[PDB]
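First comes the structure, then the notes that go with it.
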Amino acid sequence: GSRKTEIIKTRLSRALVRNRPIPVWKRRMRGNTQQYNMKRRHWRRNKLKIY
Amino acid sequence: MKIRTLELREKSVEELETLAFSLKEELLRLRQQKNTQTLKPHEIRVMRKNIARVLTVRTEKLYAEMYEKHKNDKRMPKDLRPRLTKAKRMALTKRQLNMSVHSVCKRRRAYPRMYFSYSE
Amino acid sequence: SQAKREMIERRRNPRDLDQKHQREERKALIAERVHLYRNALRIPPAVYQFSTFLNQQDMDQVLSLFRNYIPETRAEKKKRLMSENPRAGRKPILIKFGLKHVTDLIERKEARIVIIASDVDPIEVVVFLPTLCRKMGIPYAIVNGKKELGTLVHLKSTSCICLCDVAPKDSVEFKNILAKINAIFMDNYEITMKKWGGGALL
RNA sequence: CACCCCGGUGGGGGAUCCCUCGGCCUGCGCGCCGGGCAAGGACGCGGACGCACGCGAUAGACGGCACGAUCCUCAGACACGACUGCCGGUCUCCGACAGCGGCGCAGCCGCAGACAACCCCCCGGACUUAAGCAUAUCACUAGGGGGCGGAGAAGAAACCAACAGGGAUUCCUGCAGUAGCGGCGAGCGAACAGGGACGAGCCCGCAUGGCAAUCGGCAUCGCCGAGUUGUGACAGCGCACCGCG
RNA sequence: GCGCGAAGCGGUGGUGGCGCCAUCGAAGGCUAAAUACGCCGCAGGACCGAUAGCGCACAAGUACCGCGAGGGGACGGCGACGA
RNA sequence: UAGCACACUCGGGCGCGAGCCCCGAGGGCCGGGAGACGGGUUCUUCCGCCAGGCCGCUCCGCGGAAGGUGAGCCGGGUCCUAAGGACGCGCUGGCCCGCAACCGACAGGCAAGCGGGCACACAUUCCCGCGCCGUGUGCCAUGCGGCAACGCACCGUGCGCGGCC
RNA sequence: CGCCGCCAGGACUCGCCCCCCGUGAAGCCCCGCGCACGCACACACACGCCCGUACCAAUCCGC
RNA sequence: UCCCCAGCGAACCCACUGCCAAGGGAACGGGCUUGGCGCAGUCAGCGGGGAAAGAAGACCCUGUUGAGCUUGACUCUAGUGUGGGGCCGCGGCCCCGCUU
Ligand SMILES: [Mg+2]
Ligand SMILES: [Mg+2]
Ligand SMILES: [Mg+2]
Ligand SMILES: [Mg+2]
Ligand SMILES: [Mg+2]
Ligand SMILES: [Mg+2]
Ligand SMILES: [Mg+2]
Ligand SMILES: [Mg+2]
Ligand SMILES: [Mg+2]
Ligand SMILES: [Mg+2]
Ligand SMILES: [Mg+2]
Ligand SMILES: [Mg+2]
Ligand SMILES: [Mg+2]
Ligand SMILES: [Mg+2]
Ligand SMILES: [Mg+2]
Ligand SMILES: [Mg+2]
Ligand SMILES: [Mg+2]
Ligand SMILES: [Mg+2]
Ligand SMILES: [Mg+2]
Ligand SMILES: [Mg+2]
Ligand SMILES: [Mg+2]
Ligand SMILES: [Mg+2]
Ligand SMILES: [Mg+2]
Ligand SMILES: [Mg+2]
Ligand SMILES: [Mg+2]
Ligand SMILES: [Mg+2]
Ligand SMILES: [Mg+2]
Ligand SMILES: [Mg+2]
Ligand SMILES: [Mg+2]
Ligand SMILES: [Mg+2]
Ligand SMILES: [Mg+2]
Ligand SMILES: [Mg+2]
Ligand SMILES: [Mg+2]
Ligand SMILES: [Mg+2]
Ligand SMILES: [Mg+2]
Ligand SMILES: [Mg+2]
Ligand SMILES: [Mg+2]
Ligand SMILES: [Mg+2]
Ligand SMILES: [Mg+2]
């Protein structure tokens, strides 16, 4: 909330860079059974537990 | 494998220290070209790996050099002792386990092991 | 509280010095509180007989006899054994030392003179040594210093000292020193074995 | 016309059957953590990389050895060794200190933390059974605390016996659901044998006195230290271990 | 645990006392093997065959929930991978 | 079926598509703008949508691709203590307890930054102007005025006594 | 005031006064004096660490 | 608001259900018996009935099922208090000094 410790922001950045779709070149790989990232996180539905 | 290990064995340890610094510089110039322009996909890969290759040969030469420095030392450095296990490093030696008192020595000496065969 | 910090200063109680850095301060305080309690109790004759030790002039006369029979050092022994005859000469006369050895020579009645240290703690290591030396008739003396007895035999300290025979060049010195210490220790046994010290003295 | 029933086709849903790189069970093997920084965590690391998995600033194969031609989504890499395998390096940071302890000790070390199936020590229930219930039972269990090891613990009789005597411990069989304990209620409950597996025995202390003969440390054959309040003893290990069928 | 507190002879004898006779030597120490056992590795099996079998054959202790201690799923299948 | 927007209206625009998106006009209504905790990229730009939004959407806190958070002066730490905690040691069979290093405040105590520009958004942080604070190095003087209230020599360190609600 | 006037309201604030069987922090920094020490403010030069920093009257918590 | 519409779009509940009268029946039937009727199965109202739905009756009883609580219940128990012993000191007459 605009004031955070160093640990809170690093955990918040790690949650942010994680939250992205599957790169589209991975859909052409053989044995890629994943179509969308099921671990996508939306900020309003899913909460992070970064206190 | 752009820098081969065959050439790195000829260099000395401080000569490999300067090479890893020079190769780290070229990796920074490669990471510049990756951000600004295109690159062949494994150029950063290759330069990262031959930094590791120079540093490994540096470590392998340094383990060999430091071993012959402290070979006949009372206490060798902990790097150069074999890392068995904390329990196995603290084990008694086989000489120490075979240590017995004087009565057990005299008895085994005066009554040694006999080699015999029985038949009825 | 400031009154309590003054309270634990007025009493000198070693159990108040409970921290780690106060450890050397504490055991100095224990040593003096023991010493005041040790001498305020009625010391029995078995312990208090070691308070009567030998005079400084008499101690120097006693040990000057013993210095003729000082055992060899380890450096002297080492070159003695590499010599051509290590057992050359007659059997030497040495100070016999150590509690196991000395009480064996006392019970076998072959010690001529026994020196017992005075400062030995636990004192029960040597409390039998006067009364055993009387039951064998061996003349004994109590000398202050386990440390001074240790230097005669090249140790830091040793509790009891004896020698089993005297050279003929020291025989009349030996009978003068036996008569000097028997008037103190051996002949005053039945007086010293009733004498209570400490708080009984007051 | 709606409604209902039967059939056909189409839906709907995922039963059935077939499959199975998964589980479960049993046996065997292994039984190897940690200041040389463990377990666990945090954060980072792929050219395009989210997750998973791998890894640690040497960060998505670094070295040696073996292998020998592919890896692949793109781009590319590749006999100056692809893809692999085995082993070794590197191995961030948090997480084991108000630390504690040993040794004369220029200093060198150890303990802590993990593991919780097995084993050892301490602490220790209640539901339950008694057709209630309080002793009893559950149970000297569960659980908690502490501590090891590859096993542990036990162990060479202050034993069993009553014979014509056996002979460490542990385990099996067996004594035996017995003797016995028990509101003699519910219930609980061993031991010696006999048979067997396996087998193994030893030691400190009161060691010389014509000399501690013993040990620790070192910058080492000499010091310093321990020690007479008493130190003192060597029989077991190791290597090798295929490539075709 | 506490009180008392030994001995040169002592302990014990299914366990009241005492006596006999018999049998051992406590209050110091070590000791393989046979014995027990999870993870893991290996091999098996009259086991189960995707609501079964482990909670998980799948990006499973994951997603997700709980302040917290903790709780905890669901989801397998084209073909000659040549079209 | 229950239920779900029912103070808006008119014209225009982009667009396959418009009651709701944009623009203009008219008519109304009420908060809006800054911090904390909490959220964590929702911010902003570009592109999208036949999915989500209690209708629709060309819109969006949605989907995709990007961009963005710059400090001696703001806040915290490198400072201080409060109530209080305390992993060490004593006391223990274990606690309690005693001493207590250390810790404990993003609203306490508490050095010093404002005006403006720029900008898609962000800046008291960048830029411009004018300041200020602290630290570290160098380079030393050895005092005076006023009856008095006091005025001044832009000087330091230690101790003691005091100094805030 | 010197290098737009007049009137009113106002957060806040000094001191009086009132209130209390309530009396309204601590410590560091700092300052002052006292007593000692020995010297560096100005000036000039140099320098200034880590973390946070977007946004949130539909962005929070009540699924 | 309802009502009607575009779009969106649930839940409760559900053995099966044409409606009455009397009778019989577990003694108050939607179904049985004997009679009386109604049936295009639609819209909106409505609260008579379905002994309407909620919820393994909270009342009452039973249980050798509890818990909260009380005390002159039973058996115990922390706490308080008491006696004796252990807690190694000197002196003097249980008493008095003393300190270590
Ligand atoms: Mg926050
Ligand atoms: Mg929310
Ligand atoms: Mg049909
Ligand atoms: Mg299924
Ligand atoms: Mg198994
Ligand atoms: Mg590590
Ligand atoms: Mg490699
Ligand atoms: Mg441990
Ligand atoms: Mg049960
Ligand atoms: Mg019962
Ligand atoms: Mg029952
Ligand atoms: Mg009952
Ligand atoms: Mg182990
Ligand atoms: Mg053992
Ligand atoms: Mg039992
Ligand atoms: Mg010995
Ligand atoms: Mg073949
Ligand atoms: Mg006997
Ligand atoms: Mg009998
Ligand atoms: Mg024994
Ligand atoms: Mg199936
Ligand atoms: Mg399953
Ligand atoms: Mg809740
Ligand atoms: Mg409707
Ligand atoms: Mg409205
Ligand atoms: Mg705001
Ligand atoms: Mg926006
Ligand atoms: Mg749409
Ligand atoms: Mg710590
Ligand atoms: Mg503050
Ligand atoms: Mg500035
Ligand atoms: Mg803004
Ligand atoms: Mg409608
Ligand atoms: Mg009727
Ligand atoms: Mg009818
Ligand atoms: Mg109707
Ligand atoms: Mg009704
Ligand atoms: Mg009922
Ligand atoms: Mg009954």
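Chain labels follow the order of the structure tokens: the first chain is A, the next B, and so on; residue numbering restarts at 1 in every chain, and ligands are counted from 1 in their shown order.
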field: Contacts of ligand 27, 9 Å or closer, only C-alpha atoms (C1' of nucleotides) and all ligand atoms, given as a ChimeraX atom specification
entry: /F:42-44,60-61
task: Could you tell me, counting only C-alpha atoms (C1' of nucleotides) and all ligand atoms, which protein and nucleic acid residues lie no more than 9 Å from ligand 36, written as a PyMOL selection string?
output: chain H and resi 43-46
Using the selection just defined, write its residues with N, CA, C and O atoms (P, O5', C5', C4', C3', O3' and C1' of nucleotides) as a PDB file, in the first residue's frame.
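Everything below was put into selection_30.pdb:
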ATOM      1  P     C H  43     -50.396 -19.872 -17.661  1.00  0.00           P
ATOM      2  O5'   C H  43     -51.009 -18.425 -17.507  1.00  0.00           O
ATOM      3  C5'   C H  43     -50.731 -17.421 -18.462  1.00  0.00           C
ATOM      4  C4'   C H  43     -51.492 -16.171 -18.144  1.00  0.00           C
ATOM      5  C3'   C H  43     -51.426 -15.735 -16.701  1.00  0.00           C
ATOM      6  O3'   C H  43     -50.240 -15.044 -16.376  1.00  0.00           O
ATOM      7  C1'   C H  43     -53.658 -15.678 -17.421  1.00  0.00           C
ATOM      8  P     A H  44     -49.605 -15.220 -14.923  1.00  0.00           P
ATOM      9  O5'   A H  44     -50.541 -14.337 -14.006  1.00  0.00           O
ATOM     10  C5'   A H  44     -50.674 -12.954 -14.254  1.00  0.00           C
ATOM     11  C4'   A H  44     -51.848 -12.380 -13.522  1.00  0.00           C
ATOM     12  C3'   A H  44     -51.869 -12.616 -12.042  1.00  0.00           C
ATOM     13  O3'   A H  44     -50.955 -11.802 -11.357  1.00  0.00           O
ATOM     14  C1'   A H  44     -54.011 -12.975 -12.909  1.00  0.00           C
ATOM     15  P     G H  45     -50.699 -12.065  -9.811  1.00  0.00           P
ATOM     16  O5'   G H  45     -51.795 -11.161  -9.123  1.00  0.00           O
ATOM     17  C5'   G H  45     -52.148 -11.406  -7.788  1.00  0.00           C
ATOM     18  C4'   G H  45     -53.629 -11.374  -7.570  1.00  0.00           C
ATOM     19  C3'   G H  45     -54.055 -11.999  -6.274  1.00  0.00           C
ATOM     20  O3'   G H  45     -53.854 -11.139  -5.179  1.00  0.00           O
ATOM     21  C1'   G H  45     -55.429 -12.800  -7.986  1.00  0.00           C
ATOM     22  P     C H  46     -52.757 -11.512  -4.083  1.00  0.00           P
ATOM     23  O5'   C H  46     -53.531 -12.493  -3.110  1.00  0.00           O
ATOM     24  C5'   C H  46     -54.877 -12.250  -2.749  1.00  0.00           C
ATOM     25  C4'   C H  46     -55.633 -13.539  -2.619  1.00  0.00           C
ATOM     26  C3'   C H  46     -55.094 -14.508  -1.593  1.00  0.00           C
ATOM     27  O3'   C H  46     -55.539 -14.190  -0.293  1.00  0.00           O
ATOM     28  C1'   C H  46     -55.667 -15.650  -3.591  1.00  0.00           C
TER      29        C H  46
END
message: Just want the residues within 9 Å of ligand 34, written as a list in words, counting only C-alpha atoms (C1' of nucleotides) and all ligand atoms.
response: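 Sorted by chain and then by number, the residues are residues 20, 21, 22 and 29 of chain H.
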- request: Grab the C1' of residue 33 (chain E) to CA of residue 110 (chain B) distance for me, in Å with one decimal place.
  value: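 Taking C1' of residue 33 (chain E) and CA of residue 110 (chain B), their separation equals 26.3 Å.
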- request: List all protein, DNA and RNA residues that have at least one atom no more than 12 Å from any atom of ligand 39, counting only C-alpha atoms (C1' of nucleotides) and all ligand atoms, and write them as a list in words.
  value: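 The residues near ligand 39 are residues 131 and 132 of chain D; 62, 63 and 64 of chain H.
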message: Show me, as a ChimeraX atom specification, every residue of chain C with an atom at most 12 Å from chain D, counting only C-alpha atoms (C1' of nucleotides).
response: /C:19-21,69-78,80-81,86-105,117,119-126,146,149-150,153-164
